[PDB]
Amino acid sequence: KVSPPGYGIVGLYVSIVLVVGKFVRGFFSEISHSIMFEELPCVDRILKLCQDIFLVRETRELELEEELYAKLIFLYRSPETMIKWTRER
Amino acid sequence: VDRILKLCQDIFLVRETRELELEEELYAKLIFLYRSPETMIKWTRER
Amino acid sequence: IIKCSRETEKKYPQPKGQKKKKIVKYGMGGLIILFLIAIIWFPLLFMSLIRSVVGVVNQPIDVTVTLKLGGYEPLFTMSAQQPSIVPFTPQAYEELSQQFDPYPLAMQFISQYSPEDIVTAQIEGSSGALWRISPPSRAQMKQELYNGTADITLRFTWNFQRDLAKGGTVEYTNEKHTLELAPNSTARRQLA
Amino acid sequence: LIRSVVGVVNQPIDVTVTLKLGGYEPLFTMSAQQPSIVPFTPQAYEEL
Amino acid sequence: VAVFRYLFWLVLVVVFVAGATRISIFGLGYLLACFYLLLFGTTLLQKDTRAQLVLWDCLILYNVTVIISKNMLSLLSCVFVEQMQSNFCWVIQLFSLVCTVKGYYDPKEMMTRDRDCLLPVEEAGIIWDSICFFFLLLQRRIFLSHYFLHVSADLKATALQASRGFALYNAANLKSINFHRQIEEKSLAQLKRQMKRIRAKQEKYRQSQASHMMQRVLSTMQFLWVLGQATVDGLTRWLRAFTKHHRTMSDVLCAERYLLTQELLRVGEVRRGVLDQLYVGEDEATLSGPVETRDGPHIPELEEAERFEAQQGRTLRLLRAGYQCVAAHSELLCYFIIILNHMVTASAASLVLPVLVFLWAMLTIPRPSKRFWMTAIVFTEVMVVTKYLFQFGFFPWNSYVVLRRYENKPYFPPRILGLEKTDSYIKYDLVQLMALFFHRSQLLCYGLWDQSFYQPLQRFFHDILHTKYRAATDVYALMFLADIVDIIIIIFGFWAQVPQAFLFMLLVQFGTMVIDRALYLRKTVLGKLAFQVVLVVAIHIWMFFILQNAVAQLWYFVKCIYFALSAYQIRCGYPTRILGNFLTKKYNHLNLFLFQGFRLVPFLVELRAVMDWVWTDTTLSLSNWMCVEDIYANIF
C-alpha cells in the first residue's frame, strides 16, 4: 500500500514543552520580588510626580525635569520612603 | 526563617478554618514584610 | 495600572471581610486550567501529521514479460494488462490459506495482506508478435547453440505500471532472472 | 546530518541507441545491456 | 505437619488439574468433586472415620470407574472411523475417544484429515487419573492414621475459637477507633490553641491601632556475606512489623488452642474453664492482642516450640514471614488475582468480578460481607464449568477453519465473552479458586460468616457509607503518584489505529486529575462515590468493549491500584486538616531535593497553585494567591 510521505522530532516536542513550561513559570515563582513595587496603597503622589515630569518636558524647564527625576530614582532606591510616600490617609 | 514559616502556616490553617479576616490581616503582614527589607532584617535575625 | 485597580477597588468595594469569591474562580481559573491542558494536548496535532492517507492499494496497470536469449532480442513482450489483470475474491484468499498449510510463515505473511492487495495477471502464452530476425541474429544464435560452448544467459524480466494518482513515486519494479545454458546441455540442443 | 551516503555509483543498466531519418521510423533500437556494458579496469584509467 | 495437615488441599488441586488438563465428561466429574470438597472440606476434616471414609471411598470408586470406563471406551479405538463421520451426536469429542497404544491407527498422524476431526492432544488421560489415584489412596492412609487424630482434634478447637476470634477483632477495632478519636481531639485542641494565638496577637494589634589477600578478601567476605545478610534480615524485620497485628492474636489463640485440646481430650467443655487460667497467668502478652478478655471472665511446649523455630536460619524464616504476610493480608491477594486474570483474559465475562470488587468489595465499610465472597466463589465455579464446556468442537464456531478465520480478532463474540479453545484456557482461574477458598478458610477460622426492592438495599448501603465513625487517612499523595505513573505509561505507549486511542486516555487522565483535586479540596464523599462509580464503569467499558497490548495491561494495573486507593479514601473518611503541600512537612535533605524536583516538571506548580485557589474558599485574588505560594516555596 501507499504511504505518500518518530525519534528525532518527539525530542522537539519535549523541547517546545520545556520552553513553554518555563515561559509560564515566568508568570509565577518570582513575583515575591515584585510585591514591593506593585502591591502598594494609594499612588496619588507618584502620579503627581510623573505628571509633573511630563508637563515640565512640555514647558522646557529641564532643570525641574532633572530634579524631579532625582526624586523618582530616590523613591525607587528606598522602599521605606516608598512606604512613607504611599500611605493611605 | 522560622517566623515567616509561622506566618505562612498561619495563613494556611486560617484558609482551612474559614476565618478569612485573619487571612487578610496576616496577608497584609506578608506584603508589608516584602515591602520593607529592613523589617526583613528585623524579622529574620538569628538569635 | 495600579491606580486604575485601586479606583475600581474604591468605586466597587467588596465587603471588607470573609468574602469568598463566587464564580470568578471558575471564570478565570478554569480558563487557565483548560488553556494549560491544551498546551499539554497539542500532540494531538503532532500525531495527526503522521500516518494519514496510509492505505491506498498499489494495484498495477500493466505487467510485461520478456525472454532474452543472450545478447540478442527477446522472444516475448507480453504486456499483460486489464482486464486480464484480475484482483482476488476472498475465496482466493481461502485458496492461498488452504494451499499453504505446512508453512507457518506462508500463513502469517499472506495474512498480512488486505482483501485488495494481491492481484493476478493472466499472461497469455500466445504472443501476436513476430520475432524479429536478421541473418546475423539467425546465424549467431545457431552458432552459439551448435558451435558455441560459452554459457548463454536467458533472462526473464518484468514490469509493473502503478497508479501515480494513487500516491507513491516508484512506477516500475523489475528484476532479471538469469539461468545460464551449459554446453552439451539438453536445452541448447533442443533450441538448436 | 549533511553528506552521509554520498558516494554510491550510477553504473547504468541499459543503453539504447536510435537513428531517425526525419519524421519516419528509427533504423535502430540497440538496447546495449549487461554483460555487454562493462566497467573499467585501472588500466583503462591508464589508457585515458 | 506439612503432609498431615496441608497435603489434603493439594489433593483437591490435583483433582482439579486432572479435570482441567484432560477434558471429558469424567473430567467434569472431577471438577464437580473438587468444587464439592473445596466447599465442604472444613467439615469433612472434622468428621469421623465411619463417615468421612465412606465419602472418600465414593471418590476413590469414582476414579477407578473413570479408568475402567476409559478401557470400555478404548473398545472404540478399533472401530473408530466408522463412528467418526456418522453423526452419533458427535460422540468422539464427548469422551475424548482417542488411543495411546502404538499398534493401532496412529493418532496425531491421521490429524491431517480435518472435516469432522478429533482431538489428539487430550489423550486417553490415564496419566492424571493414576496420579489422582495415588493421592486418593495416600489420603486414605492419612485418614486412617493417628496423626490425623491429632490434626482433627486441633481443628475442632478452632471451631470452638471462632467466637473469641471475632471477639479479638472487636477488641482491636474498638481500640483503633478510639485511638483515632484521641488523635482527632488532640489535633482540634491544637487548632483551638493556634487560632486563639492568632486572635490574641491581632487583638493586641487592635489596641495598638486604637493608640596480602586480605585487602579484597575483606570485600569478598563482608560485601559478599554480611551486608547482604543484614539486608535480608532487614526484610524479615520489615515483614514481622508488617504482620505483627495478626501474629500476636494468632499466638494468643495458639496457646488457648493448646489448652482447649487438653480440655477436649476427655469432655466437650466445662464453663470455659480453660479460658480462666490462660489469660490470667499470662496477661502482658495477652494485653496487646486481647483487650476485653478479662472483662467477660505456663504452657511449656509452645515455649520450646517458639525457641526451636527461632533458629530456622534464613530463607526459611523469611519464607515463614512471607507465608504469614500472605495469610494475613489475603483480601488484597484475592483482589490481586481477580485483577490479574482479567488483565490476561480481556473478556466480557471476566469483567463481572473486578467491577464488583471496586464497587462492592471495596466499598463495604468494615469488611466485605458473606454475600460477596460467596458470589465470587460461585461465579468462578460457574466460569470454570462454562469454560470447560465449549472446549468441544461440536458447534461450528468451535471448528478449526473458522478459528483460522477469526484468529487474533477481538470481534468474535466467544472471544469477547471468553470461550477460546486454547490449551491454557484456565489462565489464572485455578489460582483464583485456591485464593478465594483459602480466604474463605481464614474467615471461617475466625468469626466472620454471620422502586421498592432496590431501595432497602441501596439506601442502607449509603447509610453504611455515611454514618460510621471509622478512621481518618489521607491517600491522595499515593493516588496522584499512580496517576503520574499512568501518564508515564501512556507516553511510553506512544512508543509503538492504536495511538489515536492513547490521546483520549490523556484527556480523560487530565480530566480525572482535575476532578480529583476538586473532590479532595472540597472533601465531598458523595461526589467521590459518584466519580469512582462512573470511572469504574466507563474505563472497564472503554478499554475492553472497544479496544492484548502489554502497555495497555500495565496502564490498567496502575489504574486499578488507583481505584483501590480511591475506594480506601471512600472509607476511612477525610481528615479535618488537609494541610497544603505534602513535601513541606519534614524539612529534610531528601525532602528538599524532592521539592525542587517537583518544581522541575513543567506544568505542575502552575496547576497546583491555580486549582488550589479555585477549589478553596479564600478572599484573595489570583495574583495574591500566587504571591503567597511563591513566598512559601522560596522559604521552604
# chains A, B, ... in the order shown; residues from 1 in each chain; ligands from 1

call {"tool": "interface_residues", "arguments": {"of": "chain E", "to": "chain C", "cutoff": "7 Å", "atoms": "only C-alpha atoms", "output": "PyMOL selection string"}}
result
chain E and resi 503+607+610+614+617-619

call {"tool": "write_last_selection", "arguments": {"atoms": "N, CA, C and O atoms", "output": "PDB file, in the first residue's frame"}}
result
ATOM      1  N   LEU E 503      -4.478   9.152  23.051  1.00  0.00           N
ATOM      2  CA  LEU E 503      -4.771  10.572  23.168  1.00  0.00           C
ATOM      3  C   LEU E 503      -6.010  10.811  24.018  1.00  0.00           C
ATOM      4  O   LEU E 503      -6.003  11.651  24.927  1.00  0.00           O
ATOM      5  N   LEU E 607      -0.554  24.395  37.854  1.00  0.00           N
ATOM      6  CA  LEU E 607      -1.855  23.776  38.070  1.00  0.00           C
ATOM      7  C   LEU E 607      -2.142  23.574  39.545  1.00  0.00           C
ATOM      8  O   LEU E 607      -3.290  23.723  39.970  1.00  0.00           O
ATOM      9  N   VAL E 610      -3.120  27.148  40.826  1.00  0.00           N
ATOM     10  CA  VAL E 610      -4.396  27.634  40.301  1.00  0.00           C
ATOM     11  C   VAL E 610      -5.554  26.837  40.883  1.00  0.00           C
ATOM     12  O   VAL E 610      -6.532  27.410  41.376  1.00  0.00           O
ATOM     13  N   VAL E 614      -8.827  27.831  43.142  1.00  0.00           N
ATOM     14  CA  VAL E 614     -10.212  27.759  42.691  1.00  0.00           C
ATOM     15  C   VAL E 614     -11.052  26.961  43.677  1.00  0.00           C
ATOM     16  O   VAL E 614     -12.151  27.377  44.056  1.00  0.00           O
ATOM     17  N   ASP E 617     -11.553  28.433  49.359  1.00  0.00           N
ATOM     18  CA  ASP E 617     -12.627  29.392  49.580  1.00  0.00           C
ATOM     19  C   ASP E 617     -12.108  30.663  50.241  1.00  0.00           C
ATOM     20  O   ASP E 617     -12.603  31.100  51.281  1.00  0.00           O
ATOM     21  N   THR E 618     -11.080  31.264  49.655  1.00  0.00           N
ATOM     22  CA  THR E 618     -10.403  32.401  50.249  1.00  0.00           C
ATOM     23  C   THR E 618     -10.920  33.723  49.693  1.00  0.00           C
ATOM     24  O   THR E 618     -11.789  33.775  48.823  1.00  0.00           O
ATOM     25  N   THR E 619     -10.358  34.813  50.214  1.00  0.00           N
ATOM     26  CA  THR E 619     -10.706  36.164  49.805  1.00  0.00           C
ATOM     27  C   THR E 619      -9.709  36.771  48.840  1.00  0.00           C
ATOM     28  O   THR E 619      -9.972  37.849  48.301  1.00  0.00           O
TER      29      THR E 619
END

call {"tool": "interface_residues", "arguments": {"of": "chain B", "to": "chain E", "cutoff": "9 Å", "atoms": "only C-alpha atoms", "output": "number ranges by chain"}}
result
B: 1, 4-5, 8-18, 20-25, 27, 30-31

call {"tool": "write_last_selection", "arguments": {"atoms": "N, CA and C atoms", "output": "tab-separated table (two decimals), in the first residue's frame"}}
result
chain	number	residue	atom	x	y	z
B	1	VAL	N	14.51	31.53	59.31
B	1	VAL	CA	13.32	31.89	58.54
B	1	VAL	C	12.15	31.28	59.29
B	4	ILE	N	8.69	33.35	59.43
B	4	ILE	CA	7.87	33.52	58.25
B	4	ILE	C	7.18	32.21	57.90
B	5	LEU	N	7.78	31.08	58.25
B	5	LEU	CA	7.04	29.83	58.18
B	5	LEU	C	5.91	29.79	59.18
B	8	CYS	N	3.26	31.82	57.37
B	8	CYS	CA	2.66	31.17	56.21
B	8	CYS	C	1.78	30.00	56.63
B	9	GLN	N	2.21	29.24	57.63
B	9	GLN	CA	1.38	28.15	58.13
B	9	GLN	C	0.16	28.68	58.88
B	10	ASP	N	0.27	29.88	59.46
B	10	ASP	CA	-0.91	30.54	60.00
B	10	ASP	C	-1.92	30.84	58.90
B	11	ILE	N	-1.45	31.32	57.75
B	11	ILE	CA	-2.36	31.62	56.65
B	11	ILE	C	-3.03	30.35	56.13
B	12	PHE	N	-2.30	29.24	56.12
B	12	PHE	CA	-2.87	28.00	55.59
B	12	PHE	C	-3.96	27.44	56.49
B	13	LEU	N	-3.73	27.42	57.81
B	13	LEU	CA	-4.78	26.89	58.68
B	13	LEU	C	-5.95	27.85	58.81
B	14	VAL	N	-5.71	29.15	58.61
B	14	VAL	CA	-6.82	30.09	58.57
B	14	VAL	C	-7.64	29.90	57.30
B	15	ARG	N	-6.99	29.50	56.20
B	15	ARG	CA	-7.73	29.13	55.00
B	15	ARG	C	-8.58	27.88	55.22
B	16	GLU	N	-8.15	26.99	56.12
B	16	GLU	CA	-8.99	25.85	56.46
B	16	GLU	C	-10.18	26.27	57.31
B	17	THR	N	-9.94	26.99	58.40
B	17	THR	CA	-10.99	27.26	59.37
B	17	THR	C	-11.94	28.38	58.96
B	18	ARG	N	-11.76	28.95	57.76
B	18	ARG	CA	-12.68	29.91	57.14
B	18	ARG	C	-12.85	31.19	57.96
B	20	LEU	N	-11.64	34.26	57.51
B	20	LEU	CA	-10.88	34.88	56.43
B	20	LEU	C	-10.47	36.32	56.71
B	21	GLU	N	-11.03	36.96	57.74
B	21	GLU	CA	-10.49	38.24	58.19
B	21	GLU	C	-9.08	38.08	58.70
B	22	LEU	N	-8.80	36.96	59.36
B	22	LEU	CA	-7.44	36.69	59.80
B	22	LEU	C	-6.53	36.40	58.62
B	23	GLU	N	-7.09	35.85	57.54
B	23	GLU	CA	-6.31	35.63	56.33
B	23	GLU	C	-5.87	36.95	55.72
B	24	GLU	N	-6.79	37.91	55.62
B	24	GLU	CA	-6.44	39.20	55.04
B	24	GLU	C	-5.46	39.98	55.91
B	25	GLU	N	-5.57	39.85	57.23
B	25	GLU	CA	-4.67	40.62	58.08
B	25	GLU	C	-3.28	40.00	58.13
B	27	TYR	N	-2.09	38.31	55.59
B	27	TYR	CA	-1.55	38.58	54.27
B	27	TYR	C	-1.06	40.01	54.14
B	30	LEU	N	2.36	39.74	55.39
B	30	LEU	CA	3.30	39.23	54.39
B	30	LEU	C	3.71	40.30	53.39
B	31	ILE	N	2.72	41.00	52.82
B	31	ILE	CA	3.02	42.04	51.85
B	31	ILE	C	3.90	43.11	52.46

call {"tool": "residues_around", "arguments": {"residues": "segment 39-56 of chain A", "least_positions_apart": "4", "cutoff": "8 Å", "atoms": "only C-alpha atoms", "output": "ChimeraX atom specification"}}
result
/A:34-35,60-62,64-65,68-69,72,85-88 /B:31 /C:2-3,6

call {"tool": "interface_residues", "arguments": {"of": "chain A", "to": "chain E", "cutoff": "7 Å", "atoms": "only C-alpha atoms", "output": "JSON, numbers by chain"}}
result
{"A": [18, 21, 22, 28, 29, 30, 31, 32]}

call {"tool": "write_last_selection", "arguments": {"atoms": "N, CA and C atoms", "output": "compact mmCIF listing (two decimals), in the first residue's frame"}}
result
# COMPACT_ATOMS: atom_id res chain seq x y z
N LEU A 18 9.20 22.21 27.18
CA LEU A 18 10.03 22.82 28.21
C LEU A 18 10.10 24.33 28.05
N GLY A 21 6.95 25.63 29.18
CA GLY A 21 6.86 25.38 30.61
C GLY A 21 7.55 26.44 31.45
N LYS A 22 8.78 26.78 31.10
CA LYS A 22 9.44 27.86 31.82
C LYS A 22 8.91 29.23 31.40
N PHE A 28 4.97 32.97 37.32
CA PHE A 28 4.96 32.51 38.70
C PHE A 28 6.39 32.54 39.22
N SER A 29 6.56 32.09 40.47
CA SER A 29 7.84 31.77 41.11
C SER A 29 8.79 32.94 41.36
N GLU A 30 8.50 34.13 40.85
CA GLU A 30 9.36 35.28 41.09
C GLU A 30 8.58 36.56 41.26
N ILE A 31 7.35 36.50 41.78
CA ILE A 31 6.59 37.72 41.97
C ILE A 31 6.60 38.18 43.42
N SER A 32 7.22 37.41 44.31
CA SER A 32 7.58 37.96 45.61
C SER A 32 8.59 39.08 45.47

call {"tool": "select_by_dssp", "arguments": {"residues": "segment 55-188 of chain C", "states": "strand (DSSP E)", "output": "VMD selection string"}}
result
chain C and resid 66 to 68 74 to 77 152 to 154 179 to 181

call {"tool": "select_by_dssp", "arguments": {"residues": "chain C", "states": "helix (DSSP H, G or I)", "output": "PyMOL selection string"}}
result
chain C and resi 2-11+24-41+43-48+90-99+104-111+135-146+186-191

call {"tool": "atom_distance", "arguments": {"atom1": "atom CA of residue 161 of chain C", "atom2": "atom CA of residue 61 of chain C"}}
result
4.9 Å

call {"tool": "decode", "arguments": {"residues": "segment 1-28 of chain B", "atoms": "N, CA, C and O atoms", "output": "PDB file, in the first residue's frame"}}
result
ATOM      1  N   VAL B   1      14.508  31.532  59.307  1.00  0.00           N
ATOM      2  CA  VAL B   1      13.323  31.889  58.544  1.00  0.00           C
ATOM      3  C   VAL B   1      12.150  31.282  59.288  1.00  0.00           C
ATOM      4  O   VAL B   1      11.145  30.882  58.692  1.00  0.00           O
ATOM      5  N   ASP B   2      12.299  31.156  60.600  1.00  0.00           N
ATOM      6  CA  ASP B   2      11.309  30.430  61.379  1.00  0.00           C
ATOM      7  C   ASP B   2      10.024  31.223  61.495  1.00  0.00           C
ATOM      8  O   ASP B   2       8.929  30.651  61.441  1.00  0.00           O
ATOM      9  N   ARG B   3      10.141  32.542  61.639  1.00  0.00           N
ATOM     10  CA  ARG B   3       8.970  33.375  61.851  1.00  0.00           C
ATOM     11  C   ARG B   3       8.094  33.437  60.614  1.00  0.00           C
ATOM     12  O   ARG B   3       6.869  33.548  60.724  1.00  0.00           O
ATOM     13  N   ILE B   4       8.692  33.346  59.430  1.00  0.00           N
ATOM     14  CA  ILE B   4       7.869  33.518  58.247  1.00  0.00           C
ATOM     15  C   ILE B   4       7.181  32.213  57.900  1.00  0.00           C
ATOM     16  O   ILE B   4       6.094  32.221  57.317  1.00  0.00           O
ATOM     17  N   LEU B   5       7.783  31.077  58.249  1.00  0.00           N
ATOM     18  CA  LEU B   5       7.040  29.826  58.175  1.00  0.00           C
ATOM     19  C   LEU B   5       5.907  29.785  59.178  1.00  0.00           C
ATOM     20  O   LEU B   5       4.867  29.181  58.898  1.00  0.00           O
ATOM     21  N   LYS B   6       6.099  30.396  60.349  1.00  0.00           N
ATOM     22  CA  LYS B   6       4.990  30.536  61.283  1.00  0.00           C
ATOM     23  C   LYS B   6       3.873  31.359  60.670  1.00  0.00           C
ATOM     24  O   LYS B   6       2.702  30.996  60.779  1.00  0.00           O
ATOM     25  N   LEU B   7       4.224  32.415  59.944  1.00  0.00           N
ATOM     26  CA  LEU B   7       3.197  33.260  59.351  1.00  0.00           C
ATOM     27  C   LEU B   7       2.508  32.563  58.179  1.00  0.00           C
ATOM     28  O   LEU B   7       1.291  32.690  58.003  1.00  0.00           O
ATOM     29  N   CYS B   8       3.263  31.824  57.369  1.00  0.00           N
ATOM     30  CA  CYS B   8       2.658  31.172  56.213  1.00  0.00           C
ATOM     31  C   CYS B   8       1.779  30.003  56.632  1.00  0.00           C
ATOM     32  O   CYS B   8       0.700  29.793  56.062  1.00  0.00           O
ATOM     33  N   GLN B   9       2.213  29.235  57.632  1.00  0.00           N
ATOM     34  CA  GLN B   9       1.382  28.150  58.133  1.00  0.00           C
ATOM     35  C   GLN B   9       0.165  28.678  58.876  1.00  0.00           C
ATOM     36  O   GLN B   9      -0.879  28.013  58.900  1.00  0.00           O
ATOM     37  N   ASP B  10       0.271  29.876  59.462  1.00  0.00           N
ATOM     38  CA  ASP B  10      -0.909  30.544  59.996  1.00  0.00           C
ATOM     39  C   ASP B  10      -1.918  30.839  58.901  1.00  0.00           C
ATOM     40  O   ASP B  10      -3.117  30.612  59.088  1.00  0.00           O
ATOM     41  N   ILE B  11      -1.450  31.318  57.746  1.00  0.00           N
ATOM     42  CA  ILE B  11      -2.364  31.623  56.648  1.00  0.00           C
ATOM     43  C   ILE B  11      -3.028  30.355  56.127  1.00  0.00           C
ATOM     44  O   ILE B  11      -4.221  30.357  55.810  1.00  0.00           O
ATOM     45  N   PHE B  12      -2.303  29.237  56.124  1.00  0.00           N
ATOM     46  CA  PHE B  12      -2.870  28.002  55.589  1.00  0.00           C
ATOM     47  C   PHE B  12      -3.963  27.442  56.494  1.00  0.00           C
ATOM     48  O   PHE B  12      -5.040  27.065  56.013  1.00  0.00           O
ATOM     49  N   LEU B  13      -3.733  27.417  57.809  1.00  0.00           N
ATOM     50  CA  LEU B  13      -4.777  26.887  58.677  1.00  0.00           C
ATOM     51  C   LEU B  13      -5.947  27.854  58.807  1.00  0.00           C
ATOM     52  O   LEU B  13      -7.074  27.423  59.070  1.00  0.00           O
ATOM     53  N   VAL B  14      -5.710  29.151  58.614  1.00  0.00           N
ATOM     54  CA  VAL B  14      -6.821  30.092  58.571  1.00  0.00           C
ATOM     55  C   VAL B  14      -7.639  29.897  57.300  1.00  0.00           C
ATOM     56  O   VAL B  14      -8.870  30.033  57.318  1.00  0.00           O
ATOM     57  N   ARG B  15      -6.991  29.503  56.198  1.00  0.00           N
ATOM     58  CA  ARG B  15      -7.734  29.130  54.997  1.00  0.00           C
ATOM     59  C   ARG B  15      -8.576  27.883  55.220  1.00  0.00           C
ATOM     60  O   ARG B  15      -9.622  27.727  54.582  1.00  0.00           O
ATOM     61  N   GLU B  16      -8.146  26.990  56.116  1.00  0.00           N
ATOM     62  CA  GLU B  16      -8.991  25.849  56.463  1.00  0.00           C
ATOM     63  C   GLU B  16     -10.183  26.271  57.311  1.00  0.00           C
ATOM     64  O   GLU B  16     -11.332  25.956  56.981  1.00  0.00           O
ATOM     65  N   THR B  17      -9.935  26.990  58.402  1.00  0.00           N
ATOM     66  CA  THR B  17     -10.985  27.265  59.375  1.00  0.00           C
ATOM     67  C   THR B  17     -11.935  28.381  58.959  1.00  0.00           C
ATOM     68  O   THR B  17     -12.809  28.734  59.756  1.00  0.00           O
ATOM     69  N   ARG B  18     -11.760  28.951  57.762  1.00  0.00           N
ATOM     70  CA  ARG B  18     -12.679  29.914  57.143  1.00  0.00           C
ATOM     71  C   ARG B  18     -12.851  31.188  57.964  1.00  0.00           C
ATOM     72  O   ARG B  18     -13.906  31.821  57.926  1.00  0.00           O
ATOM     73  N   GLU B  19     -11.827  31.573  58.718  1.00  0.00           N
ATOM     74  CA  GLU B  19     -11.844  32.841  59.440  1.00  0.00           C
ATOM     75  C   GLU B  19     -11.054  33.878  58.645  1.00  0.00           C
ATOM     76  O   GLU B  19      -9.987  34.341  59.040  1.00  0.00           O
ATOM     77  N   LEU B  20     -11.636  34.260  57.510  1.00  0.00           N
ATOM     78  CA  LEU B  20     -10.885  34.883  56.428  1.00  0.00           C
ATOM     79  C   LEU B  20     -10.472  36.321  56.714  1.00  0.00           C
ATOM     80  O   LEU B  20      -9.637  36.860  55.976  1.00  0.00           O
ATOM     81  N   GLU B  21     -11.034  36.959  57.742  1.00  0.00           N
ATOM     82  CA  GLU B  21     -10.495  38.238  58.188  1.00  0.00           C
ATOM     83  C   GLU B  21      -9.075  38.075  58.696  1.00  0.00           C
ATOM     84  O   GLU B  21      -8.221  38.938  58.469  1.00  0.00           O
ATOM     85  N   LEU B  22      -8.799  36.957  59.363  1.00  0.00           N
ATOM     86  CA  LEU B  22      -7.441  36.688  59.801  1.00  0.00           C
ATOM     87  C   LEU B  22      -6.532  36.404  58.619  1.00  0.00           C
ATOM     88  O   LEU B  22      -5.337  36.706  58.670  1.00  0.00           O
ATOM     89  N   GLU B  23      -7.088  35.850  57.542  1.00  0.00           N
ATOM     90  CA  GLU B  23      -6.311  35.634  56.331  1.00  0.00           C
ATOM     91  C   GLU B  23      -5.869  36.952  55.721  1.00  0.00           C
ATOM     92  O   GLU B  23      -4.704  37.112  55.349  1.00  0.00           O
ATOM     93  N   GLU B  24      -6.787  37.913  55.619  1.00  0.00           N
ATOM     94  CA  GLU B  24      -6.439  39.202  55.039  1.00  0.00           C
ATOM     95  C   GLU B  24      -5.463  39.977  55.909  1.00  0.00           C
ATOM     96  O   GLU B  24      -4.581  40.664  55.386  1.00  0.00           O
ATOM     97  N   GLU B  25      -5.571  39.854  57.227  1.00  0.00           N
ATOM     98  CA  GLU B  25      -4.671  40.620  58.077  1.00  0.00           C
ATOM     99  C   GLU B  25      -3.280  39.998  58.129  1.00  0.00           C
ATOM    100  O   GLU B  25      -2.273  40.717  58.133  1.00  0.00           O
ATOM    101  N   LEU B  26      -3.196  38.666  58.118  1.00  0.00           N
ATOM    102  CA  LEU B  26      -1.892  38.024  58.010  1.00  0.00           C
ATOM    103  C   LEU B  26      -1.274  38.226  56.635  1.00  0.00           C
ATOM    104  O   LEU B  26      -0.047  38.307  56.514  1.00  0.00           O
ATOM    105  N   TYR B  27      -2.094  38.311  55.589  1.00  0.00           N
ATOM    106  CA  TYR B  27      -1.551  38.576  54.266  1.00  0.00           C
ATOM    107  C   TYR B  27      -1.059  40.006  54.138  1.00  0.00           C
ATOM    108  O   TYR B  27      -0.094  40.260  53.414  1.00  0.00           O
ATOM    109  N   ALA B  28      -1.679  40.943  54.852  1.00  0.00           N
ATOM    110  CA  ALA B  28      -1.119  42.284  54.921  1.00  0.00           C
ATOM    111  C   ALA B  28       0.209  42.292  55.666  1.00  0.00           C
ATOM    112  O   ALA B  28       1.078  43.119  55.365  1.00  0.00           O
TER     113      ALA B  28
END
